[PDB]
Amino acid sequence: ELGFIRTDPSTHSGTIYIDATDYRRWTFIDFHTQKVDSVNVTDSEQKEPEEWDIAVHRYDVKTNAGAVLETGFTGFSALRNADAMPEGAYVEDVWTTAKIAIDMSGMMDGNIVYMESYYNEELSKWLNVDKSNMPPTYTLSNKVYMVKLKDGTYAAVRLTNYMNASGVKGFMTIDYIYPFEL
């Protein structure tokens, strides 16, 4: 009951459910093979897999030389009715040095430890965390993201939830269509 938990071959779709709670973890997702792999960045014996499509760290996401465009669609049944692909320019990952927090334990003292990493600003819009509010607000975009993968095929992805059943944050429920074809 973690990873590719539900899949429907006839509609090329399914649901991924992963424990992205730990700040030391990247969870790699491969839509081609339906595999999920975790890497603890503080363990040099653990390396990223040879093949992967997206990677999630807490609410942050990166692609594997991919590009992403946020659509206006809020569900797959609406997306399947579209007549044409987007004309817009997809967004590639950017290199970051103060974005991916690997240790949050000293945050009450203003000390967050970061790692350097690629990060996709477009796909990470799947959740807006506005810390300036008391209390901070966690807002799902509810949008379908079109992800152009390095092999030229596309995945349609949507973050449907960021909590487990009782409200613990960092459990990510990701619906997908792969390969997405009009």
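All residue numbers refer to positions in the sequence shown, first residue = 1.
Selected stretch [higher average CA B-factor]: 106 to 114 or 92 to 100: Stretch with the higher mean C-alpha B-factor: 106 to 114.
Stretch with the greater mean C-alpha B-factor as recorded in the entry, comparing 153 to 161 against 33 to 41: Per the PDB record, 33 to 41.
C-alpha B-factor winner, where the candidates are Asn133, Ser124, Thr139, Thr27: Answer for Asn133, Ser124, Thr139, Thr27: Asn133, with the highest C-alpha B-factor.
Chain-relative CA temperature factor third for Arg58: Within its chain, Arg58 is a lowest-third residue by C-alpha B-factor, going by the deposited values.
Ranked C-alpha temperature factor of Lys47 among modelled chain residues, by third: Tercile = highest for this residue's CA B-factor.
Third of the chain, ranked by Cα B-factor, where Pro9 sits: As the PDB entry reports it, the C-alpha B-factor of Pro9 lands in the highest third of its chain.
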